[PDB]
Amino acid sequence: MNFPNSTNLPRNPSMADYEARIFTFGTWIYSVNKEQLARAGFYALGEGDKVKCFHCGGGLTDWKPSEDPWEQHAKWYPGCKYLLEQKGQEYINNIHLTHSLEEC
């Protein structure tokens, strides 16, 4: 609902460390893996399976077991500089092409 951060500077520097993000989940009952979420730069909000990216501030919810943290990060927050640093634009393109073709 707020604009996504597309700068090279994290919106939430307190959540810049993997272990800082890990602590936010607590006991995690959800179908998607908390360490996989923390690696894709997500931390838990404490409200269902709502996560936000530390860098772009981008929020996601309702994780199906088929949904991949990095993939969803690229789908919904393609301007994220953290995503670009970790995954590269070749990965990012692939994923975009795949979900723009998932539609048919």
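When you see a residue number, it is the position in the sequence shown, counting from 1. Only the largest set of C-alpha atoms that superpose within 1.5 Å between the two forms is called the rigid core.
Rigid core superposition in 6 other deposited structures of this protein puts the Cα atoms of one stretch, out of 66-74 and 48-56, farther from the shown form on average, and that stretch is 66-74. Put simply, when the other structures in 6 other deposited structures of this protein are lined up on the rigid core, the C-alpha atoms of 21-29 lie farther off than those of the other stretch, from 21-29 and 80-88. For the pair 5-13 and 85-93, the record assigns the higher mean C-alpha temperature factor to 85-93. As the entry records it, the average C-alpha temperature factor is higher for 63-71, out of 48-56 and 63-71.
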